[PDB]
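As structure tokens, the structure follows; a few thoughts come after it.
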Amino acid sequence: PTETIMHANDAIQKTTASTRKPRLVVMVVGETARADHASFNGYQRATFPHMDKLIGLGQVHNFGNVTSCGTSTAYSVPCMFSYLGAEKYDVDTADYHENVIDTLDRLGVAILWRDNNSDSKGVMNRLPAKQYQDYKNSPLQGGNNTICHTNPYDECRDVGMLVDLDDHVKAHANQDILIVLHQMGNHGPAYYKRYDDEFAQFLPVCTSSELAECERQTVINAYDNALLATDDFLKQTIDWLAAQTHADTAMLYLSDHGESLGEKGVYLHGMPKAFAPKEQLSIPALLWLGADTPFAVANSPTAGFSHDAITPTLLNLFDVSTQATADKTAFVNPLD
């Protein structure tokens, strides 16, 4: 299949960081978190305490029940950054097409992908290897994450991706910056390993991978506790962005897919889109904008938001204009 498929040859940045205030966007790629257990979507438990207050104060925006493009990480993540909609996205040929990261990097946006999940799923392939940083392992063990030995499992935490993030920013202060943080999140089945002892408030907790043996409630507790860690992670992420004054900042959070928690005997995820439970397709979506933001929250099409809105949003966030995203539904309205 000699060479790559192009979508945004006509991609032109309407306003560059040299004529206006530079833009710094943090894209948090969530994992296995579902909107059904999001407290800001009507869940009885306070799974997102920090986010609930920011919503209750009107600091971040909740897009309610957003539909995921897939039910698995390997399927969803490449499609989240693809120009192809979920209706025409092909997971087997996703590496053949240029994505939004390719376009943004080409146009001159400093991209940095820090991963605490697995990998960019082929998204970061055409970009320099130094722009992808491993964070699922400690150094010694050839990683980068300095926050790993805070639990009996020595599992690296997502908050470790926020460490020394100022360095990459200071290296590209003259230009727009996009930082992608791939989150460990609520990866199962061992939800009890996904969080430190500080976020173990929903008790008792299923401390096993055999979710089918544990009572549904103990498994839900573990899942909800992992959400608390994510909520705190997002809180520290926003706090870091709030510290960046000389740049228009934005924090976009979306989970790659949902999760089944014993509903009709269905556990985990990965079930084919055609008949998959909607718990696997229901994801939370949050947007935070910095002080005096130039951007506006787009009106929700009722059909609802989806994963297809990510690529046009990212392009709108950097004033990139292409008929590859002429005007499809995005989270943020394009400027003039």
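Coordinate-derived values only; no laboratory data. With ideal geometry, Cβ positions are generated from the backbone for all residues, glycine too; neighbour counts draw on all protein chains shown.
If the condition is being surrounded by fewer than 20 Cβ atoms within 10 Å (Cβ to Cβ) and either in contact with a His (Cβ under 8 Å, 6 or more places away or on another chain) or touching a residue at least 60 places away in the same chain (Cβ under 8 Å) (or both), then the range 247-273 contributes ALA247, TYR267, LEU268, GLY270, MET271, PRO272, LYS273. Among the residues of the range 63-71, none qualifies, meaning not one is surrounded by fewer than 20 Cβ atoms within 10 Å (Cβ to Cβ), under 25 Å from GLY160 (Cα atoms) and either without any contact (Cβ under 8 Å) to a residue 60 or more places away in the chain or not polar (S, T, N, Q) (or both). Applying the condition of being under 21 Å from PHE331 (Cβ atoms) and in contact with a helix residue (DSSP H, G or I) (Cβ under 8 Å, 6 or more places away or on another chain) to the range 232-246 and asking which residue is surrounded by the most Cβ atoms within 10 Å (Cβ to Cβ) yields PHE233. Beta carbons closer than 8 Å, at least 6 apart along the sequence or on distinct chains, pair a first residue in the range 41-60 that is over 24 Å from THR293 (Cα atoms) and free of Cβ contacts under 8 Å to residues at least 60 places away in the same chain with a second that is acidic (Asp, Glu) and crowded, with 16+ Cβ neighbours inside 10 Å for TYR43/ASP36; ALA46/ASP52.
Rundown of residues vs (1) part of a helix (DSSP H, G or I); (2) farther than 24 Å from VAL266 by Cα; (3) out of contact with any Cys (no Cβ under 6 Å at 6 or more places or on another chain); (4) free of Cβ contacts under 8 Å to residues at least 12 places away in the same chain, yes/no style:
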residue	(1), (2), (3), (4)
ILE179	no, yes, yes, no
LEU203	no, no, yes, no
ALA222	yes, no, no, no
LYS235	yes, yes, yes, no
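Give the range 103-124 a look and list any residue that's in a loop (DSSP other than H, G, I, E, B) and buried (at least 16 other Cβ atoms within 10 Å of the Cβ), or say none. Within the range 103-124, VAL109, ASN116, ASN117, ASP119, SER120, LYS121, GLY122, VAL123, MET124 meet the criteria. Residues in the range 1-32 that are in a loop (DSSP other than H, G, I, E, B) and closer than 19 Å to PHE331 by Cα: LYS14 only. Taken over the range 79-102, residues that are in a helix (DSSP H, G or I) and either touching an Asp or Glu at 6+ places or on another chain (Cβ under 8 Å) or free of Cβ contacts under 8 Å to residues at least 12 places away in the same chain (or both) amount to 1.
Quick one: which of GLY185, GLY160 is touching a residue at least 60 places away in the same chain (Cβ under 8 Å), buried (at least 19 other Cβ atoms within 10 Å of the Cβ) and either polar (S, T, N, Q) or farther than 21 Å from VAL100 by Cα (or both)?
Going through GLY185, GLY160 in turn, just one is touching a residue at least 60 places away in the same chain (Cβ under 8 Å), buried (at least 19 other Cβ atoms within 10 Å of the Cβ) and either polar (S, T, N, Q) or farther than 21 Å from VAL100 by Cα (or both): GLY185.
In the range 33-57, which residue that is in a loop (DSSP other than H, G, I, E, B) and of a type in the set (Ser, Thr, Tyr) is farthest from the chain's Cα centre (by Cα)?
Kept after step one, since they are in a loop (DSSP other than H, G, I, E, B), are these residues of the range 33-57: 33-34, 38, 42-48, 57.
Filter again for of a type in the set (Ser, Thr, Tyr), leaving 43, 47.
Details: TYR43: 21, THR47: 17 Å.
Looking at the filtered set, the residue picked out is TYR43.
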